[PDB]
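Basis: the model, the stated rules and, where named, an outside source; none is laboratory data. Quick reminder, even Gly has a Cβ in these numbers, built from the backbone with ideal geometry, and neighbours come from all protein chains shown.
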Number of protein chains: 4
Amino acid sequence: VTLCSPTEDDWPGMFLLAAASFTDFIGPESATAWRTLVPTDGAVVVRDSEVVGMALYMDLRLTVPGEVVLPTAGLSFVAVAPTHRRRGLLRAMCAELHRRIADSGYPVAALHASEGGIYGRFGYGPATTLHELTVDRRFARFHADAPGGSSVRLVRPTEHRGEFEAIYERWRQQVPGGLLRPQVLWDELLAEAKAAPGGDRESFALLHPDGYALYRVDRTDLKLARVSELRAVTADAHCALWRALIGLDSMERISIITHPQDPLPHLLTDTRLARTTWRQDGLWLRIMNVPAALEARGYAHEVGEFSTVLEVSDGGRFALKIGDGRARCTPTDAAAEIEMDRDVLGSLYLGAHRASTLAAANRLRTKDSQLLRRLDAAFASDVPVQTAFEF
Amino acid sequence: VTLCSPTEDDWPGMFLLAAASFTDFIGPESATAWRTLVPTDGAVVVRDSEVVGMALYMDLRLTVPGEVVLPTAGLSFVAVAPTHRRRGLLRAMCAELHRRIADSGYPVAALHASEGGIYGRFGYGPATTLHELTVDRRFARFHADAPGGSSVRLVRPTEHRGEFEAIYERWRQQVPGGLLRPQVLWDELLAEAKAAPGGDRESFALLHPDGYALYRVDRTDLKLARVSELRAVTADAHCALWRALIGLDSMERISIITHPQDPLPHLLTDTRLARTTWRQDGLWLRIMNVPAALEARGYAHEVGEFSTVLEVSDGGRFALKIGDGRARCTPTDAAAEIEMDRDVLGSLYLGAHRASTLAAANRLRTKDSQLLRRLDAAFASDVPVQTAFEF
Amino acid sequence: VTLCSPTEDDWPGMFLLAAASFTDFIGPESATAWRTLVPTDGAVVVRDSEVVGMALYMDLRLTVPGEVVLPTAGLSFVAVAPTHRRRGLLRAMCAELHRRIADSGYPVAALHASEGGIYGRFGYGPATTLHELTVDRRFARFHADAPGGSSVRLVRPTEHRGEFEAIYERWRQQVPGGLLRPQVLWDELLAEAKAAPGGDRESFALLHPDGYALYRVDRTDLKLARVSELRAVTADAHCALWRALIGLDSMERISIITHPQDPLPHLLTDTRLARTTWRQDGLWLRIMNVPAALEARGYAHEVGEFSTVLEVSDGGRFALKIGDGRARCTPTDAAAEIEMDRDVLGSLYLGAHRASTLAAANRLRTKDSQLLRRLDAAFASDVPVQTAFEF
Amino acid sequence: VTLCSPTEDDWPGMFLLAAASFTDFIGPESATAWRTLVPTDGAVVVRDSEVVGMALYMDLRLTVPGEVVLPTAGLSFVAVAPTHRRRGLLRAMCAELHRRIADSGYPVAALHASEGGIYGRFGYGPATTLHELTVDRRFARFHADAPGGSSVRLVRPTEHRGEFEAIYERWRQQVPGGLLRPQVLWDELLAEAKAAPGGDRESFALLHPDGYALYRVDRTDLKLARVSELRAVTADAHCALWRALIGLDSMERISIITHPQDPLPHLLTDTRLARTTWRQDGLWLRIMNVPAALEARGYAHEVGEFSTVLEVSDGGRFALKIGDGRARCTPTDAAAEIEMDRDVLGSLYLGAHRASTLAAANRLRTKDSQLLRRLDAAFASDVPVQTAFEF
Ligand SMILES: [Cl-]
Ligand SMILES: [Cl-]
Ligand SMILES: [Cl-]
Ligand SMILES: [Cl-]
Ligand SMILES: [Cl-]
Ligand SMILES: [Cl-]
Ligand SMILES: [Cl-]
Ligand SMILES: [Cl-]
Ligand code: NA
Ligand code: NA
Ligand code: NA
Ligand code: NA
Ligand code: NA
Ligand code: NA
Ligand code: NA
Ligand code: NA
Ligand code: NA
Ligand code: NA
Ligand code: NA
Ligand code: NA
């Protein structure tokens, strides 16, 4: 077993491991598109010769609270051959990529987890929450207060690329969890909008000046419309799009993977009709440089100036001062007032998890309940954290 | 149709309407127990003579943020005969009970809703969130950080009444959503802990000095344990009880109806094992007296002093000043800065819903985004809102 | 194997065979009640000594077209021990009972069939059709034309026996398929109206001056109400009862076993909401005396006088003259114009099956298509055929 | 919103609305084939410019009782964009098409309804009944009386087009509900007989001189054969085809969408094996010209001459005389003896619904029960009403 950056010769072997590892494998053509996001030394392979392990990262741009955009290393295409389990190959590959990511000057790494029990030990914490809502649209009536009681157009996605790009670009800069979507990923998205023989049905779009929804009828449940993506920049756009989706009179049910603070339920006279059918971790974060990440994001202006000493387990100890919505984070050997593993800081960082909830599980440790309330308020996001697109 | 306080003669007719209206009807013996919580003029019937409509309220004590206990009118046993639908009987009965509740000096009314689309128009807003977690305990491993790596005892519920009463009494005074559980409801709870021929299996309890869990094996799914109630006063107690439940080696799955901030997921090495299988509105609140309710609860000390003008639709307009965790709420004819229906204030009141989320649905209306952030922070609860027991 | 009328000593052995043969066995107490309807020589047993075969008939009164009530032998409690299959015991028992029934002067025998492939060969034809309608009552709206836009009362069945008896007695005399329901069967019906530990839920009744509905919530599907029986003497009563059932706001679905001409679908703005979920043969008829049965019923006055020659396979050949809604049916050796097996005549007799449909299957054989149209019209019932109660 | 006849330029926009509206959308190539049945001014669009509403009719030939063929306007391709619900677009489009259909001289319009609650208010009544039978062929044995105890050939559909056309043409002229099937619809039918990658399996045909059956194995249930179409001109052909289908020894079940008077059950020794698994409205009729439609069909010769006065709600009042199987229908201001909405007359017109059943729902109103019996008999069809093909 040797750990190397792959040569062009290695990629057929990587596509074999990928096809055998990922049931949702996009195939070599699509994989080659995504490859354009992987920097020169962004990939590692293990050879036994045949490829028995692989991992890479892509150059991403992640929005964090305060509309701050961080360069982010997006881990992806991580696989160990079923022949080479329990030989420390994942640990070796993650250690090497983290070395390269830290040396390259990324303050943050991110991934989508295949299972929930794997990445905590490598310092990734779940930082966004996926929330599936299923609406029985047959009963759905809009509240008298709901905006916009036609601004929306039913269109072919492939004919309005420019408009979706412009709306998404405005959305991703305003929302924590937002990711820059490069041209190659717009190519890939509009390719999956087409009907496939034996596969997905045709996708349609609802287009508003300030929002869009991409949806298709389920392959097998012909009374279910699945919203693949809804991006709205204004409340008027969000409501108008949902009025149009609830107008899909041939459907019984509309489903969407959204975030816990989606206002959809409050648009209806019966909030219970917007049923939570599924909940899971979305984006995971590893804070690579604690002071860089903590100084870079904005904090709630509602909390008054405070100082503390934060220790990250094997991540350093810092004098952390938060005031006027900004943090200063400097080295100190003073006694820690707060201790947590690196994964816990990732979970706190976009505002998806409360310091108080993590403290109740003893993942976050302080003797000061006032400090806990101050951290909770400071790390909270004004704009609710959302998940952009899986990678 | 005449609307009257029922005589003793009316109660057999009320029990008939109840049996026909409520599939979960506890029966006349249990109903007579709960009746001891209904004050002298706490009930209305409609006669056509036979009972075709009924509604009552019980005298409750509800904990709100700041550990403040409010006298609360708990609406219950609300039914219209299937023969007398669409004749305004619900509206007539609710109007009369609200008159009596307001005149009696209750600042707040509360209920559990049979359907989500009914009580908004009578000024009730959903104020707590039920969250069902299902744990596949076969895979569950506790995190190295989790407390208490034996303080817990497996016991017969009927033999440790005193201990459950004492623990519950400590829990309900500390948690917003907490309700005083009178002696008659402890009688009823321990009666439902017994096995029934053709019905529920025997209930067992796990007892800690600072917490308890009541559970039973599902009637039909013999690999599922259903936790009917877990009350823990400390994090050590919460973790210790979950270590014991995960030790139910004959079960595949443990389910509990809990709240969105339950720390259980963070106790495990795989947070995904604590799956959200169901989410619904719990307790609904109608604010009867706006200034009394707003002055009575505690507010977050993290937000700096601020003043605004709040208008409740047909509920009055108030100068609202919040500072040092207290509110002053006085009559004013000054221009409104914030407007909302009465139901919306109920949804905000225990901290379960953010002002910002309601604003995004246009249920809450202001031109000031800074005011919105201040309301969000002020109305937030330090201790997460939980649901006590259904009534 | 000897075939005998049973002595009192035989009945414990008959109750053992019954319990082993009938999963719906009502038990010895209920069986003893129904026994009061079995005349002195109304039962046969086969002994091998232990009971290995049994069959009996009850004295019934059946309404046929023209509101004519026929003495009817109701076959029931027919069983062969699983140890004694394929030994001709059913054929021997049926032959003996038919001998006794014919000699006793019954013009007609009737039964409910355990399976569809058994009784045709003994001359029974299916004569009524069971039609299960399931209404999704959440969507159900009554048509502007529907009668009665409160005449109906929600009551305890056991408290209004007299009223149900009087309504049923009016219904059974007006409807072909109607059966006299003796006092012992009213005792049995009101006993099954009670909740059972581990069994059925409590039954309720909707009572109108000219109709009633008995219903209960399903044991396991708590959003389904099952109507066990709806008897309405007028269209106003039928509509009023359905308005009340659709008012069961806690239910998603109402199901009823009714007849193909139930007007319920036409009461709604969406006829499709009254979904046919199940269809089966109900009452089976064996015509014992062809001329007695054919002369006894009324015929459609719309068809002009006609004469034909009907041959029943091993049942005789008859000159059949139909006019002014009456038939004369006399012996003849003239050439047959119509031939059919005895079972086919049973299927025609209450108007549930058209001569033309049976002719298309070659169960009914004529060279005259005009004769076929005349038989179709003559045998049709003005009042649609319904099924009274299973026996 | 303007309502126009579409130009060629509009049809791409109509195909977009169609694809988004109809999950069973046949696609632009097939849609262009069906278009050949739409006359010059047979289509309307609503433009907001983009197509937000559409409706058309096709020139059909419908067989009614007495083997009379009526020119029929077949409404189809009716859609409102999900963006433009509740703006009266359906009402506007239906009003314009009905104007054009009436002015063009069509006595009748027809459609297949997407939902049951929509078309009643525009004067369409359900006029045929779809009845799905599922046969467990493993148990199926033919009755000793059943015809034809080999006349049938297993063939490739595409090789025997001429024979299917000739048989169908004989069937459609003899059966009420029969439609002329133009060459373009035979092209489309034989195209759907081919296997599709990820779609339907290959279709086979059973061919008799006087009947055919088209069938295929279900996509997912490989023990179910689905009969798409069985057309038999004689009882011998019907029985012979069913003997062949019951010979599909690799299948457990055969399903067919047929009519309520299908003789299949009576061909078997166990009639219960032909299970009704589904029942729904088929063809809907709007009578455009009451006297033209009522004079055009044949009536039962069994009923003696009678006269009445029929009022159709906003459809005129007529002296209706029926005798010798013919109707004369003339204007009158005499008192109405019978009143009904236009939709009700459509439901009566092919004989699928009895006047007596509609009267019991108060959709048909008379004080004369003798008149009701006479209408029932007169409007009855000698040959049972069937459904030809959906459009
Ligand atoms: Cl912020
Ligand atoms: Cl999201
Ligand atoms: Cl607080
Ligand atoms: Cl809770
Ligand atoms: Cl009659
Ligand atoms: Cl019936
Ligand atoms: Cl005819
Ligand atoms: Cl048909
Ligand atoms: Na923002
Ligand atoms: Na690409
Ligand atoms: Na993924
Ligand atoms: Na507290
Ligand atoms: Na009690
Ligand atoms: Na409840
Ligand atoms: Na009658
Ligand atoms: Na009895
Ligand atoms: Na039975
Ligand atoms: Na014909
Ligand atoms: Na074609
Ligand atoms: Na169709």
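Can you tell me which of (1) crowded, with 17+ Cβ neighbours inside 10 Å; (2) closer than 20 Å to residue A:389 by Cβ; (3) among the small types (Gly, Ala, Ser) is the one residue A:191 doesn't meet?
Among (1) crowded, with 17+ Cβ neighbours inside 10 Å; (2) closer than 20 Å to residue A:389 by Cβ; (3) among the small types (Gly, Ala, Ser), the lone unmet condition for residue A:191 is (1).
For segment C:351-391, enumerate the residues that are among the acidic types (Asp, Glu) and within 16 Å of ligand 5 (Cβ to nearest atom).
Listed by number, the residues that qualify are C:376, C:382.
Anything in segment D:1-39 that is under 25 Å from residue D:86 (Cβ atoms), among the β-branched types (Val, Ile, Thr) and within 25 Å of the chain's Cα centre (by Cα)? List them, or say none.
The one that is under 25 Å from residue D:86 (Cβ atoms), among the β-branched types (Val, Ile, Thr) and within 25 Å of the chain's Cα centre (by Cα): D:23.
Return the residues of segment B:368-385 that are within 11 Å of ligand 4 (Cβ to nearest atom) and touching an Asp or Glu at 6+ places or on another chain (Cβ under 9 Å); say none if nothing qualifies.
B:384
Can you confirm whether segment B:340-358 contains a residue that is more than 23 Å from the chain's Cα centre (by Cα), away from ligand 11 (no atom under 16 Å from the Cβ) and of a type in the set (S, T, N, Q)?
No, every residue in segment B:340-358 fails to be more than 23 Å from the chain's Cα centre (by Cα), away from ligand 11 (no atom under 16 Å from the Cβ) and of a type in the set (S, T, N, Q).
If only one of D:138, D:170 is loosely packed, with under 14 Cβ neighbours inside 10 Å and of a type in the set (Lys, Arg), which one is it?
Exactly one residue qualifies, and that residue is D:138.
Considering (1) surrounded by 19 or more Cβ atoms within 10 Å (Cβ to Cβ); (2) more than 30 Å from residue C:291 (Cα to Cα), say which one residue C:43 fails and leave the rest.
Among (1) surrounded by 19 or more Cβ atoms within 10 Å (Cβ to Cβ); (2) more than 30 Å from residue C:291 (Cα to Cα), residue C:43 violates only (2).
When you scan segment B:348-355, do you find a residue that is basic (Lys, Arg), over 30 Å from residue B:182 (Cα atoms) and surrounded by fewer than 22 Cβ atoms within 10 Å (Cβ to Cβ), even just one?
No, because not a single residue in segment B:348-355 is basic (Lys, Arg), over 30 Å from residue B:182 (Cα atoms) and surrounded by fewer than 22 Cβ atoms within 10 Å (Cβ to Cβ).
Taking residue A:294 as the residue in question, decide whether it is within 22 Å of the chain's Cα centre (by Cα), more than 30 Å from residue B:371 (Cβ to Cβ) and more than 9 Å from chain B (Cβ to nearest Cβ).
Considered against the rule, which asks whether it is within 22 Å of the chain's Cα centre (by Cα), more than 30 Å from residue B:371 (Cβ to Cβ) and more than 9 Å from chain B (Cβ to nearest Cβ), residue A:294 comes out as no.
Filtering segment C:377-391 down to residues that are within 9 Å of chain D (Cβ to nearest Cβ) and under 21 Å from the mean Cα position of the chain (by Cα), which residue is nearest to residue C:22 (Cα to Cα)?
Residue satisfying both the conditions and the ranking: C:384.
Specify the residue that is nearest to ligand 20 (Cβ to nearest atom); the eligible residues are those in segment A:312-345 that are within 14 Å of chain B (Cβ to nearest Cβ) and surrounded by fewer than 19 Cβ atoms within 10 Å (Cβ to Cβ).
That would be A:325.
Note down all Cβ pairs under 9 Å where the first residue falls in segment B:164-179 and is in the same structural domain as residue B:300 (by CATH), the second is of a type in the set (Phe, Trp, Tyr) and surrounded by fewer than 22 Cβ atoms within 10 Å (Cβ to Cβ), and they're at least six residues apart or on different chains.
Matching pairs, first to second residue: none at all.
Filter segment D:297-311 for residues that are surrounded by 21 or more Cβ atoms within 10 Å (Cβ to Cβ) and within 9 Å of another protein chain (Cβ to nearest Cβ); which is nearest to residue D:368 (Cα to Cα)?
Result: D:303.
For segment A:11-60, name all the residues that are within 16 Å of ligand 10 (Cβ to nearest atom) and in a loop (DSSP other than H, G, I, E, B).
Result: A:25, A:26, A:27, A:36, A:37, A:38.
Filter the strands (runs of 3 or more DSSP E) completely within segment A:295-365 down to those with at least 2 residues that are within 16 Å of ligand 12 (Cβ to nearest atom).
Those strands (runs of 3 or more DSSP E) do not exist here; none qualify.
Quick grid of which residues meet (1) within 16 Å of ligand 17 (Cβ to nearest atom); (2) in contact with a strand residue (DSSP E or B) (Cβ under 6 Å, 6 or more places away or on another chain):
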{"site": "C:210", "(1), (2)": "no, no"}
{"site": "C:222", "(1), (2)": "no, no"}
{"site": "C:236", "(1), (2)": "no, no"}
{"site": "C:244", "(1), (2)": "no, yes"}
{"site": "C:256", "(1), (2)": "no, yes"}
{"site": "C:270", "(1), (2)": "no, no"}
{"site": "C:277", "(1), (2)": "no, yes"}
{"site": "C:283", "(1), (2)": "yes, yes"}
{"site": "C:294", "(1), (2)": "no, yes"}
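Checking residue C:145 against (1) surrounded by fewer than 16 Cβ atoms within 10 Å (Cβ to Cβ); (2) over 22 Å from the mean Cα position of the chain (by Cα): exactly one of these is not met. Which one?
(1)
Check every one of the strands (runs of 3 or more DSSP E) wholly within segment A:91-172 and list those with 3 or more residues that are under 23 Å from residue A:385 (Cα atoms).
A:108-112, A:129-136
So, of the residues in segment B:353-374 that are touching a strand residue (DSSP E or B) at 6+ places or on another chain (Cβ under 7 Å) and within 12 Å of chain A (Cβ to nearest Cβ), which turns out to be farthest from residue B:171 (Cα to Cα)?
B:365
Of everything in segment B:8-35 that's charged (D, E, K, R) and out of contact with any strand residue (DSSP E or B) (no Cβ under 7 Å at 6 or more places or on another chain), which residue is farthest from ligand 20 (Cβ to nearest atom)?
Residue satisfying both the conditions and the ranking: B:8.
Among (1) among the β-branched types (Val, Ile, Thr); (2) within 14 Å of chain D (Cβ to nearest Cβ); (3) part of a loop (DSSP other than H, G, I, E, B), where does residue C:83 come up short?
(2) is the only condition that residue C:83 fails.
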